[PDB]
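Read off the chains here:
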Amino acid sequence: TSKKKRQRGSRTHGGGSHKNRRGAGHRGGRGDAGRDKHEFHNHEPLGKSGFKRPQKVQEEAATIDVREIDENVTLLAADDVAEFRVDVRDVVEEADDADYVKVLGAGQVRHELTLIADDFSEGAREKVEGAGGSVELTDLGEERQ
Amino acid sequence: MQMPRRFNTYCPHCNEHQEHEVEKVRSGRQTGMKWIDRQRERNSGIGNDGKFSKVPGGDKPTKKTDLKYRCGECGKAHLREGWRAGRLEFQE
Amino acid sequence: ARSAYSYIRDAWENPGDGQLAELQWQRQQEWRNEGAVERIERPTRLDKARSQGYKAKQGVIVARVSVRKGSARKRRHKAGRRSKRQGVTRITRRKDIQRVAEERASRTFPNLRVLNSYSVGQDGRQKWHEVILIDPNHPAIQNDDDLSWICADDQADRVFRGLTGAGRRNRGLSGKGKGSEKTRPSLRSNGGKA
RNA sequence: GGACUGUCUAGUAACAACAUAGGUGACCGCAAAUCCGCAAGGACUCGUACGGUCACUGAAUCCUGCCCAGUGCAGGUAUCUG
RNA sequence: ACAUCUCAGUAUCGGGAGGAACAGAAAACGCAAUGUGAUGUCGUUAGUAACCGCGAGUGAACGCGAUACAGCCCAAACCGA
Ligand SMILES: [Cl-]
Ligand SMILES: [Cl-]
Ligand SMILES: [Cl-]
Ligand SMILES: [Cl-]
Ligand SMILES: [K+]
Ligand SMILES: [Mg+2]
Ligand SMILES: [Mg+2]
Ligand SMILES: [Mg+2]
Ligand SMILES: [Mg+2]
Ligand SMILES: [Mg+2]
Ligand SMILES: [Mg+2]
Ligand SMILES: [Mg+2]
Ligand SMILES: [Mg+2]
Ligand SMILES: [Mg+2]
Ligand SMILES: [Mg+2]
Ligand SMILES: [Mg+2]
Ligand SMILES: [Mg+2]
Ligand code: NA
Ligand code: NA
Ligand code: NA
Ligand code: NA
Ligand code: NA
Ligand code: NA
Ligand code: NA
Ligand code: NA
Ligand code: NA
Ligand code: NA
Ligand code: NA
Ligand code: NA
Ligand code: NA
């Protein structure tokens, strides 16, 4: 039995005095009315902030953390088993409509990996060379200067 | 109140105390080419023109100090918080 | 070599210069004394006519139509209106003078259909255009592989529905890309927003 | 009290209210002044200053003083503003 | 409260076509490309970009997945009844 189904006989259906549930006055105005006066509480302040750049000048990067790669190496049997080597561009999902692929250094690297990507970070590098591994920058990756 | 035209104080640019010269900020002219100037033309037409139909506000009994502190050596200026003053006159 | 037609065209690039200038000064005097719709035997600008569809044939008609210059002839509000809608003077109509002339002509010839039109000048208070009309019932046209299409039922009263050339342009259908989001495939379908 | 005959709140007001002749000022020579229309056009007007428009006062009799600073209208205007 | 805004290009008014109308073979797009390739419409893009007493509110498109697919004729040049 629902709350609704128990209202017959209550007269007010939970509204308190029958002088309550009338029009927009019981709401303090239609929609967002009074967002700076009587109902300013818990409303983001009035104002203009910052600027936007034209969408066709914006770039969307494809990210991936080392932890993800390293945790699935033994399962990624369909990828080169060097002295491990994996072209990152083939691992990441959503790599089609992306401007490039970048490897981030989050997590551990318990293997000797030879990574191929368009861009890396310090932590990504240090952790790969920390496990006696290399990092190979792609031709697109040659855009660093 | 009176105020010395030149005195020693911290220059946030050199990062060491130096002699600054005090001047009153003059109003820079309007180019009339900012976004607000364009919206006035676009949005104004037949009948009332919203905000662009309003007229100048009013006046406070006393305005704060609008000054420019210029460093004697590096020559750059910095701004400071003002204080209500009925009149300001520099000494020398 | 240049066609003889290319010369009529060139003179009309500058209706204020040369002989055409003197010609226009003379003509308009007789024009101002004529009606609103005057059927004429030969087009004033041969090159433009033929370019638009004209043909020296049975069932092809032409008519000069004068319309007044200026904005809308509107009556001031008689009941309550917010300031935005109390205008009279700066209000103009959304249909252009050339499209107005085309209509006043098609009504004079209730059996014919508008093919196209062009401008033939104006003075200080009126504009003249020459509409080209076609008899959809004459067999000379019904067998013309160039003009027969204007015989179909769906071409009936084509001017009043904006299917004319000047019509389609005034409806903002020129551009095929940017700026034509609310105009194509029709103004009415896009909630009337252009 | 209103000069008089006259008009009015169909349905709580018939009056001292409105009208009136009479007095006064204003605008206009007619392609006018005043007014109607979005326009095409129209009333006044088959009229022309002894006219007709726009107002005030309100028969007759005796009269109708002073003020142009403010507001209004109108004319002029070196110079200022525009 | 209210004047821009909103209700809405809605109600209502004038004119007109059909069995469907309108649109339509780029002076296009601009995931900028070594790329797409007429038009409607459906799903999505997205309440995103953009508007706005920058208040309340308002509000696309390119692309994509589908449906269905189809491209052609003049004016002129050169001929001249
Ligand atoms: Cl941005
Ligand atoms: Cl100051
Ligand atoms: Cl027609
Ligand atoms: Cl594309
Ligand atoms: K309103
Ligand atoms: Mg205005
Ligand atoms: Mg449609
Ligand atoms: Mg009486
Ligand atoms: Mg009574
Ligand atoms: Mg009585
Ligand atoms: Mg009685
Ligand atoms: Mg009386
Ligand atoms: Mg009198
Ligand atoms: Mg009199
Ligand atoms: Mg809207
Ligand atoms: Mg408000
Ligand atoms: Mg686009
Ligand atoms: Na409750
Ligand atoms: Na109630
Ligand atoms: Na509320
Ligand atoms: Na407030
Ligand atoms: Na894509
Ligand atoms: Na605009
Ligand atoms: Na017709
Ligand atoms: Na528009
Ligand atoms: Na009597
Ligand atoms: Na006075
Ligand atoms: Na005076
Ligand atoms: Na109110
Ligand atoms: Na607004």
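Structure determination for this entry, per the PDB record, employed X-ray crystallography and reached 2.900 Å resolution.

Engineer: So what's going on with the overall build of chain C? Residues and values would help.
Structural biologist: When its secondary structure is counted, chain C shows six helices and four strands. Seen in sequence order, chain C has helices and strands lined up from the N terminus as α-α-β-α-β-α-β-β-α-α. Counting only residues that meet the buried cut, chain C has 38% of its 194 residues in that class. By sequence separation, contacts in chain C at least 24 residues apart represent 61% of the contacts at least 6 residues apart.

Engineer: Describe the overall build of chain B, and please don't skip the residues or the numbers.
Structural biologist: Looking only at helices and strands, chain B features one helix and six strands. When the helices and strands of chain B are listed from N to C terminus, the series reads β-β-β-α-β-β-β. Expected size for 92 residues packed as a compact globule is a radius of gyration near 12 Å; at 20 Å, chain B overshoots this value by more than 25%. Evaluated residue by residue, chain B yields a buried proportion of 18% over its 92 residues. Here chain B has roughly 7700 Å² of accessible surface; of this, 45% comes from carbon and sulfur atoms. Looking at charge distribution, chain B has the averaged site of its 20 positive side-chain charges lying 7 Å from that of its 13 negative ones.

Engineer: Hey, could you go over the protein's contact with RNA strand E for me, with residue numbers and the actual values?
Structural biologist: The immediate surroundings of RNA strand E are formed by 50 residues, with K52 of chain A, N48 of chain B together with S83, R94 and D157 of chain C found nearest. Sugar and phosphate atoms form 88% of the subset of RNA strand E atoms that lie within 4 Å of the protein. One of the backbone nitrogen or oxygen atoms of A1 of chain C is found 2.7 Å away from a phosphate oxygen of RNA strand E. Looking at the surface near RNA strand E, the elements that each hand over two or more residues are α1 (35–43) of chain B together with α3 (46–52) of chain C. It is α1 of chain B that contributes the most residues to the surface near RNA strand E, three residues altogether. Considered class by class, the residues forming the surface near RNA strand E number nine nonpolar, 15 polar and 26 charged.

What counts and what doesn't
- Residues numbered from 1 in each chain as written, not as in the entry; some residues may be left out.
- Chains lettered and ligands numbered in written order.
- Part of a larger assembly, values for the part shown.
- Heavy atoms only, no water.
- Helix = DSSP H or I, 4+ residues; strand = E, 2+ residues; numbered from the N terminus.
- Buried < 20%, exposed > 50% of the residue type's maximum accessible area, 1.4 Å probe, protein only.
- Contact = heavy atoms within 4.5 Å.
- Rg over C-alpha atoms; globule rule 2.2 N^0.38 Å.
- Areas by Shrake-Rupley, 256 points an atom, 1.4 Å probe, with all protein chains shown as cover.
- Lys, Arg positive; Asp, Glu negative; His and termini not counted.
- Charge placed at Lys NZ, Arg CZ, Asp CG, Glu CD.
- Near = heavy atom within 4 Å.
- Polar contact = N/O pair within 3.5 Å; in protein donor to acceptor, adjacent residues only side chain to side chain.
- Nonpolar A, V, L, I, M, F, W, Y, C, P; charged D, E, K, R; others polar.

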